[PDB]
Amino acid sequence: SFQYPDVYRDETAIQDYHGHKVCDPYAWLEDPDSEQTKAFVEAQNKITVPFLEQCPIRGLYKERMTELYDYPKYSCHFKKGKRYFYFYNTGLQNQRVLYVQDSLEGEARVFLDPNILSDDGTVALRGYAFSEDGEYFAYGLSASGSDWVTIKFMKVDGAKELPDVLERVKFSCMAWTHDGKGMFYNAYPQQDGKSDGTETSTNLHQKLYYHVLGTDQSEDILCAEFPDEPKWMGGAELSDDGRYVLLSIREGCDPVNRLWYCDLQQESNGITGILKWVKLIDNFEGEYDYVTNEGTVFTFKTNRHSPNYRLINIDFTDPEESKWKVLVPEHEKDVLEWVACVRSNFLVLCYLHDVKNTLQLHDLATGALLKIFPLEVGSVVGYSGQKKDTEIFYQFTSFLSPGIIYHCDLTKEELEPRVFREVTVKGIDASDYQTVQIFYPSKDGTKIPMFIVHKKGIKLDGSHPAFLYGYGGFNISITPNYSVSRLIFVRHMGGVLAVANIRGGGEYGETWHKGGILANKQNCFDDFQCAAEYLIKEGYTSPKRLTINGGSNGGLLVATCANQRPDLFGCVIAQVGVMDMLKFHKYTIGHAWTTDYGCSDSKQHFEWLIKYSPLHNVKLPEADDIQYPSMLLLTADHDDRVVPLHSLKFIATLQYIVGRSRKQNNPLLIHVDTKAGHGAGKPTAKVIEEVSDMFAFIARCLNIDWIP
């Protein structure tokens, strides 16, 4: 009932990659500003939108979604100075709001409402930092979902807006020096062309500046720069005593960093230029994440010779590795997620035990286990408690639990944590659904964890629509989260939810990470393909009714699996994904992902990439009874994280190579949203629209009837 647009093929766009010749006939789609690209985007949306709204389930869904998603969304309370703050979204607000109250008992008042900044909610808060005395506040503002940030400042008492403004900020830190004179932050060199998120220009030479309040940005002090290394990025932070400036130098997305420090008492007259950095750890062999310090003895969470991480103390007066003391040895199985120091000498260790979180209280001096905090199965997605705090707050979330915030007064003999707040989403009955965690072997036998959710009592006859989700990369762990959107799939679409913790992530330490990157990248596609076969063999679903979803790095995942095993799925939703594995390093911050995929500039890497690159491996099955799965690619014009050209070229390729076939009846579509980016800061209204599209696609393609 619909035909695809004619898209010019530049058959002369041939490039040589180490003796190999590859044709990129839609390379012209790499210019966001051309009239041709604009005409192409407008045309594609001209066929997608209608098709999506033509589904009577789309409105049913959006309605249901609007009611179920309408619940109070709170964040952990956190104390800065003598006041308390917490984010709160009454329900369907575009962006959450920052509240402030002088007392846990006192009345809270609005502090910062990003909602009065843009009628549609596409201006989001991206990063904030309070001054040591909690008397001054700084926050980053992002428009249309770009990573680019604008740092503004506020006076806490009275919530007065200051005139200071910092531009050209991206992937920056925010560290105030304890004297309250200024803050450290990162910026990029003023470059030609635009800088609003629609550009594809590569970000290099990020520098470290220091901004003194009450001055103009032209006056900022350059405190660190690496002109010999364009890719390095140095984030800064102050130690608990405000005496040292710790600079973590990073290159790429690997769990490793260089560690230089600066003794602020050694600076002749303060911060007037490039600091007298001491190159403590001058290499990229391991990650060193700062926890706390006592005098010159610093406590760090590291992964050095410890794939599952551990805590170690370093004395800046005797730095020799041969002298580091192990505070909390590495666990043989559990991965030490993060650590916090609270109440002067308490350590909060959060572990990942079989894709589940656990909280324990340890002693700083010896590092001995003091207490375990009971936690049901799920994850901790919120926490507050600084070294100066005498109490802690943490938020628990699961597949059927919207979230419980717990409190614990650490100044009491009996450390009994009590429930501070508990959210519930009526219209959904947890008692009706069951969560189960299984382990299935992959092509090489490696047992892989997977979560499974569905209504109780379902008969495993492969007659149920299944939704399999996954990421698989960059040391990212997919733990239990609440998702109204997905629960409506189970309840009103009789579907089965399942999440595979395939290799490439960090569910099992760096070892797990390295098991799915560079040369072992194919391991990620095998693990995920095996999870689909498992669900099909065990009776949960059938290929014709199995949908797979992934976003960003996970978009590469599903896009690649569709290419390698199209017979295994009946629907594919790839969100803002990577498709051109040959040039991803050429745009914006793509050069950073090479530590996981490699670079096509190397003849050794090229060989791995050319084997799975979604864009270069589209091919119509030779088998007559086999066609490509229905496919929906979601992208946006301001995604400066993963440029849209990846999806643009990939779709053009699909419709030409496959869409043009006679046996192809399954639609290959794309939707390019406007005024939105990679996903962070996306307004509540745009997000309701997105899921309504995704599930309208499934229901219409798999022909699923709604269940009241």
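Position 1 is the first residue in the sequence shown; the rest follow in order.
Asker: Look over 194-202 and 336-344 in the entry and identify the one with the greater average Cα temperature factor.
Answerer: Per the PDB record, 194-202.
Asker: State which stretch shows the higher mean Cα B factor in the entry: 267-275 or 390-398.
Answerer: On average, C-alpha B-factors are higher across 267-275.
Asker: Pick out which of 577, 319, 295, 509 has the highest C-alpha B-factor in the PDB entry.
Answerer: It is 319.
Asker: If you check the C-alpha B-factor for each of 657, 668, 645, 52 in the entry, which is highest?
Answerer: That would be 52, according to the entry.
Asker: Could you say whether, by C-alpha temperature factor, residue 10 belongs to the lowest, middle or highest third of its chain?
Answerer: Ranked within chain, residue 10 CA B lands in the lowest tercile.
Asker: Mind checking which third residue 413 falls in for C-alpha B-factor across the chain?
Answerer: As the PDB entry reports it, the C-alpha B-factor of residue 413 lands in the highest third of its chain.
Asker: Using the B-factor values recorded in the entry, state whether the Cα atom of residue 429 falls in the lowest, middle or highest third among the modelled residues of its chain.
Answerer: Its C-alpha B-factor belongs to the highest third of this chain's values.
Asker: Compare the C-alpha B factor of residue 583 with those of the other modelled residues in its chain, then answer lowest, middle or highest third.
Answerer: It belongs to the middle third of the chain when residues are ordered by C-alpha B-factor.
Asker: Rank-wise, by C-alpha B-factor, drop residue 212 into the lowest, middle or highest third of its chain.
Answerer: Within its chain, residue 212 is a middle-third residue by C-alpha B-factor, going by the deposited values.
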